[PDB]
Every structure is written in C-alpha cells, then in structure tokens.
file model_33.cif (mmCIF, C-alpha atoms)
data_protein
loop_
_atom_site.label_atom_id
_atom_site.label_comp_id
_atom_site.auth_asym_id
_atom_site.auth_seq_id
_atom_site.Cartn_x
_atom_site.Cartn_y
_atom_site.Cartn_z
CA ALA A 18 87.94 150.73 166.18
CA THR A 19 88.14 153.98 164.22
CA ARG A 20 85.32 152.79 161.99
CA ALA A 21 83.51 151.83 165.21
CA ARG A 22 83.63 155.37 166.62
CA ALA A 23 82.26 156.75 163.35
CA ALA A 24 79.55 154.10 163.12
CA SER A 25 78.65 154.54 166.80
CA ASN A 26 78.13 158.26 166.26
CA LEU A 27 75.73 157.52 163.40
CA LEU A 28 73.85 155.06 165.57
CA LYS A 29 73.59 157.69 168.33
CA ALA A 30 71.96 160.04 165.83
CA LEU A 31 69.56 157.25 164.84
CA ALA A 32 68.88 155.96 168.39
CA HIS A 33 66.04 158.37 169.02
CA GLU A 34 62.47 157.52 168.13
CA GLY A 35 61.68 160.87 166.54
CA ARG A 36 64.85 161.17 164.48
CA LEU A 37 64.58 157.52 163.44
CA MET A 38 60.99 158.00 162.25
CA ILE A 39 62.06 160.93 160.07
CA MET A 40 64.87 158.86 158.61
CA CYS A 41 62.52 155.92 157.97
CA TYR A 42 60.16 158.21 156.07
CA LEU A 43 63.06 159.61 154.03
CA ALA A 44 64.30 156.06 153.38
CA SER A 45 61.45 155.70 150.85
CA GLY A 46 62.30 158.93 149.02
CA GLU A 47 62.29 162.69 149.25
CA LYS A 48 59.53 164.18 151.41
CA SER A 49 58.30 167.70 151.96
CA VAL A 50 58.28 169.11 155.49
CA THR A 51 54.50 169.28 155.16
CA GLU A 52 54.27 165.54 154.46
CA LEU A 53 56.73 164.61 157.22
CA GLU A 54 54.97 166.68 159.87
CA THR A 55 51.56 165.44 158.77
CA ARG A 56 52.70 161.81 159.08
CA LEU A 57 54.61 162.34 162.33
CA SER A 58 52.85 162.73 165.67
CA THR A 59 55.76 164.88 166.88
CA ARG A 60 55.11 168.53 167.74
CA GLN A 61 56.53 170.79 165.06
CA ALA A 62 59.20 172.42 167.24
CA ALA A 63 60.55 168.96 168.07
CA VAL A 64 60.52 167.86 164.44
CA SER A 65 62.35 171.07 163.57
CA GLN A 66 65.18 170.36 165.99
CA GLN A 67 65.32 166.74 164.83
CA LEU A 68 65.63 167.76 161.18
CA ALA A 69 68.38 170.20 162.12
CA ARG A 70 70.22 167.45 164.00
CA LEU A 71 70.01 165.07 161.07
CA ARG A 72 71.28 167.88 158.82
CA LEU A 73 74.19 168.65 161.16
CA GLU A 74 75.14 164.95 161.11
CA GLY A 75 75.20 165.04 157.32
CA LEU A 76 72.37 162.55 157.05
CA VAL A 77 69.75 164.70 155.32
CA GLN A 78 69.82 167.54 152.81
CA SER A 79 67.01 169.75 151.55
CA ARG A 80 65.97 171.76 148.52
CA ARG A 81 63.23 174.26 147.71
CA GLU A 82 60.58 174.05 145.01
CA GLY A 83 58.64 177.29 145.20
CA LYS A 84 57.52 177.50 148.82
CA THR A 85 57.90 173.76 149.49
CA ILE A 86 60.93 172.39 151.36
CA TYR A 87 61.90 168.83 150.39
CA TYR A 88 64.22 166.76 152.56
CA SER A 89 66.08 163.69 151.36
CA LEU A 90 68.72 161.31 152.63
CA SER A 91 72.25 162.43 151.81
CA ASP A 92 74.61 160.00 153.54
CA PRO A 93 74.50 156.65 151.69
CA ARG A 94 75.82 154.75 154.71
CA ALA A 95 72.99 155.96 156.92
CA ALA A 96 70.49 155.41 154.13
CA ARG A 97 71.29 151.71 153.92
CA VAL A 98 71.44 151.34 157.70
CA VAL A 99 68.01 152.93 158.08
CA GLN A 100 66.55 150.93 155.19
CA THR A 101 67.74 147.76 156.91
CA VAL A 102 66.31 148.91 160.24
CA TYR A 103 62.97 149.81 158.59
CA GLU A 104 62.66 146.54 156.73
CA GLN A 105 63.76 144.35 159.63
CA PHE A 106 61.49 145.96 162.22
CA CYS A 107 58.47 146.02 159.89
CA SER A 108 58.89 142.29 159.17
CA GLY A 109 57.25 140.13 161.83
CA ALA B 18 55.95 154.50 165.86
CA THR B 19 55.75 151.23 167.79
CA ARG B 20 58.30 149.70 165.44
CA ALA B 21 60.33 152.89 165.97
CA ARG B 22 60.52 152.43 169.75
CA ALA B 23 61.66 148.83 169.28
CA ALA B 24 64.20 149.77 166.61
CA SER B 25 65.45 152.73 168.67
CA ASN B 26 66.11 150.44 171.62
CA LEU B 27 68.21 148.16 169.41
CA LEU B 28 70.14 151.15 168.12
CA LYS B 29 70.78 152.29 171.70
CA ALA B 30 72.30 148.89 172.43
CA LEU B 31 74.45 149.24 169.31
CA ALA B 32 75.37 152.93 169.80
CA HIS B 33 78.38 152.17 171.96
CA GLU B 34 81.81 151.62 170.48
CA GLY B 35 82.63 148.57 172.59
CA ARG B 36 79.31 146.79 172.15
CA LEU B 37 79.30 147.61 168.44
CA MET B 38 82.79 146.16 167.98
CA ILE B 39 81.69 142.89 169.61
CA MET B 40 78.65 142.76 167.34
CA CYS B 41 80.78 143.49 164.26
CA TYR B 42 83.09 140.60 165.16
CA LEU B 43 80.09 138.29 165.66
CA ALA B 44 78.61 139.49 162.36
CA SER B 45 81.21 137.30 160.60
CA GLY B 46 80.37 134.20 162.63
CA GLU B 47 80.60 132.59 166.02
CA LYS B 48 83.61 133.62 168.11
CA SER B 49 85.06 132.35 171.35
CA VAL B 50 85.48 134.76 174.26
CA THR B 51 89.22 134.19 173.92
CA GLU B 52 89.18 135.36 170.29
CA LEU B 53 86.93 138.35 171.01
CA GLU B 54 89.02 139.59 173.92
CA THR B 55 92.26 139.05 172.01
CA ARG B 56 90.96 141.11 169.08
CA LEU B 57 89.37 143.80 171.26
CA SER B 58 91.43 146.45 173.02
CA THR B 59 88.76 146.63 175.74
CA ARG B 60 89.68 145.60 179.29
CA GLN B 61 88.14 142.24 180.12
CA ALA B 62 85.77 143.50 182.82
CA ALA B 63 84.32 145.97 180.30
CA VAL B 64 83.97 143.31 177.61
CA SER B 65 82.24 141.10 180.17
CA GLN B 66 79.60 143.72 180.95
CA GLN B 67 79.17 144.44 177.24
CA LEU B 68 78.59 140.77 176.42
CA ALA B 69 76.06 140.57 179.26
CA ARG B 70 74.25 143.64 177.90
CA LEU B 71 74.09 142.20 174.40
CA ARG B 72 72.77 138.95 175.91
CA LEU B 73 70.12 140.77 177.94
CA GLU B 74 68.98 142.56 174.77
CA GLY B 75 68.59 139.20 173.05
CA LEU B 76 71.25 140.01 170.50
CA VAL B 77 73.81 137.33 171.32
CA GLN B 78 73.67 133.77 172.62
CA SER B 79 76.48 131.46 173.71
CA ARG B 80 77.35 127.78 173.94
CA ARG B 81 80.13 125.73 175.50
CA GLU B 82 82.52 123.33 173.81
CA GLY B 83 84.63 121.84 176.57
CA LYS B 84 86.08 124.85 178.37
CA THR B 85 85.57 127.25 175.44
CA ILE B 86 82.65 129.71 175.40
CA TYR B 87 81.40 130.62 171.91
CA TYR B 88 79.18 133.63 171.33
CA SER B 89 77.07 134.15 168.24
CA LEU B 90 74.43 136.54 166.99
CA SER B 91 70.90 135.47 167.89
CA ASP B 92 68.58 138.28 166.79
CA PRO B 93 68.36 138.26 162.97
CA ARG B 94 67.21 141.89 162.86
CA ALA B 95 70.27 143.09 164.72
CA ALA B 96 72.49 140.78 162.69
CA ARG B 97 71.49 142.42 159.42
CA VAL B 98 71.65 145.92 160.91
CA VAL B 99 75.17 145.31 162.18
CA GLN B 100 76.26 143.66 158.93
CA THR B 101 75.07 146.75 157.07
CA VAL B 102 76.85 149.04 159.53
CA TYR B 103 80.07 146.99 159.25
CA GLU B 104 80.05 146.91 155.47
CA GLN B 105 79.09 150.56 155.03
CA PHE B 106 81.66 151.94 157.47
CA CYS B 107 84.46 149.71 156.14
CA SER B 108 83.79 150.90 152.58
CA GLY B 109 85.54 154.17 151.80
#

call {"tool": "encode", "arguments": {"input": "model_33.cif", "output": "structure tokens"}}
result
Amino acid sequence: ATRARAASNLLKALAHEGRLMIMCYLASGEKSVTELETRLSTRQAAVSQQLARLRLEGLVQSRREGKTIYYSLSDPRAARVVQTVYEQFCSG
Amino acid sequence: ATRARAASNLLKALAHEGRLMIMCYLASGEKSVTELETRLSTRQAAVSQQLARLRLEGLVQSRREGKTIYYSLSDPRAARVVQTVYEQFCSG
C-alpha cells in the first residue's frame, strides 16, 4: 500500500499527454530543450511548466553545455516505466 | 502524440492507489474476488467500483468457477506496465 501511494504519484505525473511525451523522448537519451520543443507540438510556455513539474518530481535532471540545456531521465524507476509504456504503445 | 493520448488514458486508470493495488495483485496471476478483497484494505463497495473501472478500460477480465469469480489481466500493454511499476517500486 505504501509502495502503491508512491507508484500512484509517479503515474499521476506521467498521466498527462504533454509530460508523457517529454518523458518518452527522454527515454531514448538526453535531449536538448531545443530538440524537445522542436519535436513537441506543445507551446513553449506549456513545455516549460511540464519540464519544471518533471524536475520537481525528481524524474528529470538537466545540465548545461555552453548555451545548450540538456535534459535527461534521473529516476530509474520512472525511466523503466516510461520505456515500457513507450514500447508497448508503439507496438501494434 | 496519438500513442501518447492512449498511453495517458491507461496511466490515468492506473494512477489511483486502489486500482493500482488490484492491478499489482493481478500482475502475479489470476485472483478470486475473495482473495483480492481479503488482501486489500479497501471497503468492498470501493473495490467493486474499481474492478468495474478496470473492466471498462479493458484491463481486466473475469471468469466463473462454480460460485468463485476469478479476475485476471487482459490487456498485455497494461500488464507489462504494471509489472514494471510493481517491480520498480518494490525494489529499494
């Protein structure tokens, strides 16, 4: 039950089309903000809040290389959950 | 994006402590209602609605053996997602 509350909170963070899309893109490796926002249809202000939410939840981290910001998955539990989601829902 | 909407709807069904607990119990194999409701702390009326929701979402099915009702996972995508959730959140 305690593990269920923790897992349910992760799934609430992931149960959002925009946040899930970001996580699916990061599931294949580190991505710059430029790449993410080019790939995503989301307006930039929305992507910005979504990235901040995933950061708050401990699911993504970021680093700087010059003027480029690179996000990557941090939480290994969420990484595997999202990888499973991505693979399962892309397999028809 | 289309796969994201579908996946997000699954995660919304799973992002609920009670429904997730049911799914985690079914992730290890078919279970009678008696076993589920014995293991779960949930009041029976709540479990009943939760089972009906998981059925509506196509995630569980059930069969009868005499007077026993056995539920099992039906959707293979959700099965693997839940198995990943269960394993990841039980591994500390």

call {"tool": "resolve_selection", "arguments": {"input": "model_33.cif", "expression": "the PyMOL selection byres ((chain A and resi 73-85) around 10)", "output": "PDB file with C-alpha atoms, keeping the file's coordinate frame"}}
result
ATOM      1  CA  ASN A  26      78.130 158.260 166.260  1.00  0.00           C
ATOM      2  CA  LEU A  27      75.730 157.520 163.400  1.00  0.00           C
ATOM      3  CA  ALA A  30      71.960 160.040 165.830  1.00  0.00           C
ATOM      4  CA  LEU A  31      69.560 157.250 164.840  1.00  0.00           C
ATOM      5  CA  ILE A  39      62.060 160.930 160.070  1.00  0.00           C
ATOM      6  CA  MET A  40      64.870 158.860 158.610  1.00  0.00           C
ATOM      7  CA  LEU A  43      63.060 159.610 154.030  1.00  0.00           C
ATOM      8  CA  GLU A  47      62.290 162.690 149.250  1.00  0.00           C
ATOM      9  CA  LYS A  48      59.530 164.180 151.410  1.00  0.00           C
ATOM     10  CA  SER A  49      58.300 167.700 151.960  1.00  0.00           C
ATOM     11  CA  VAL A  50      58.280 169.110 155.490  1.00  0.00           C
ATOM     12  CA  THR A  51      54.500 169.280 155.160  1.00  0.00           C
ATOM     13  CA  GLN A  67      65.320 166.740 164.830  1.00  0.00           C
ATOM     14  CA  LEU A  68      65.630 167.760 161.180  1.00  0.00           C
ATOM     15  CA  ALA A  69      68.380 170.200 162.120  1.00  0.00           C
ATOM     16  CA  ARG A  70      70.220 167.450 164.000  1.00  0.00           C
ATOM     17  CA  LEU A  71      70.010 165.070 161.070  1.00  0.00           C
ATOM     18  CA  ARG A  72      71.280 167.880 158.820  1.00  0.00           C
ATOM     19  CA  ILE A  86      60.930 172.390 151.360  1.00  0.00           C
ATOM     20  CA  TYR A  87      61.900 168.830 150.390  1.00  0.00           C
ATOM     21  CA  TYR A  88      64.220 166.760 152.560  1.00  0.00           C
ATOM     22  CA  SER A  89      66.080 163.690 151.360  1.00  0.00           C
ATOM     23  CA  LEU A  90      68.720 161.310 152.630  1.00  0.00           C
ATOM     24  CA  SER A  91      72.250 162.430 151.810  1.00  0.00           C
ATOM     25  CA  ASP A  92      74.610 160.000 153.540  1.00  0.00           C
ATOM     26  CA  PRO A  93      74.500 156.650 151.690  1.00  0.00           C
ATOM     27  CA  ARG A  94      75.820 154.750 154.710  1.00  0.00           C
ATOM     28  CA  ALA A  95      72.990 155.960 156.920  1.00  0.00           C
ATOM     29  CA  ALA A  96      70.490 155.410 154.130  1.00  0.00           C
TER      30      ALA A  96
END

call {"tool": "interface_residues", "arguments": {"input": "model_33.cif", "of": "chain B", "to": "chain A", "cutoff": "8 Å", "atoms": "all atoms listed in the file", "output": "ChimeraX atom specification"}}
result
/B:18,20-29,31-34,37-38,94,97-98,101-102,105-107

call {"tool": "write_last_selection", "arguments": {"input": "model_33.cif", "atoms": "C-alpha atoms", "output": "PDB file, in the coordinates of the input"}}
result
ATOM      1  CA  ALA B  18      55.950 154.500 165.860  1.00  0.00           C
ATOM      2  CA  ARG B  20      58.300 149.700 165.440  1.00  0.00           C
ATOM      3  CA  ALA B  21      60.330 152.890 165.970  1.00  0.00           C
ATOM      4  CA  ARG B  22      60.520 152.430 169.750  1.00  0.00           C
ATOM      5  CA  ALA B  23      61.660 148.830 169.280  1.00  0.00           C
ATOM      6  CA  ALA B  24      64.200 149.770 166.610  1.00  0.00           C
ATOM      7  CA  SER B  25      65.450 152.730 168.670  1.00  0.00           C
ATOM      8  CA  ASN B  26      66.110 150.440 171.620  1.00  0.00           C
ATOM      9  CA  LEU B  27      68.210 148.160 169.410  1.00  0.00           C
ATOM     10  CA  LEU B  28      70.140 151.150 168.120  1.00  0.00           C
ATOM     11  CA  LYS B  29      70.780 152.290 171.700  1.00  0.00           C
ATOM     12  CA  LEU B  31      74.450 149.240 169.310  1.00  0.00           C
ATOM     13  CA  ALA B  32      75.370 152.930 169.800  1.00  0.00           C
ATOM     14  CA  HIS B  33      78.380 152.170 171.960  1.00  0.00           C
ATOM     15  CA  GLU B  34      81.810 151.620 170.480  1.00  0.00           C
ATOM     16  CA  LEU B  37      79.300 147.610 168.440  1.00  0.00           C
ATOM     17  CA  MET B  38      82.790 146.160 167.980  1.00  0.00           C
ATOM     18  CA  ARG B  94      67.210 141.890 162.860  1.00  0.00           C
ATOM     19  CA  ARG B  97      71.490 142.420 159.420  1.00  0.00           C
ATOM     20  CA  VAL B  98      71.650 145.920 160.910  1.00  0.00           C
ATOM     21  CA  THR B 101      75.070 146.750 157.070  1.00  0.00           C
ATOM     22  CA  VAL B 102      76.850 149.040 159.530  1.00  0.00           C
ATOM     23  CA  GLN B 105      79.090 150.560 155.030  1.00  0.00           C
ATOM     24  CA  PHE B 106      81.660 151.940 157.470  1.00  0.00           C
ATOM     25  CA  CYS B 107      84.460 149.710 156.140  1.00  0.00           C
TER      26      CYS B 107
END

call {"tool": "atom_distance", "arguments": {"input": "model_33.cif", "atom1": "atom CA of residue 60 of chain A", "atom2": "atom CA of residue 44 of chain A"}}
result
21.1 Å

call {"tool": "atom_distance", "arguments": {"input": "model_33.cif", "atom1": "atom CA of residue 66 of chain A", "atom2": "atom CA of residue 42 of chain A"}}
result
16.5 Å

call {"tool": "atom_distance", "arguments": {"input": "model_33.cif", "atom1": "atom CA of residue 61 of chain A", "atom2": "atom CA of residue 46 of chain A"}}
result
20.8 Å
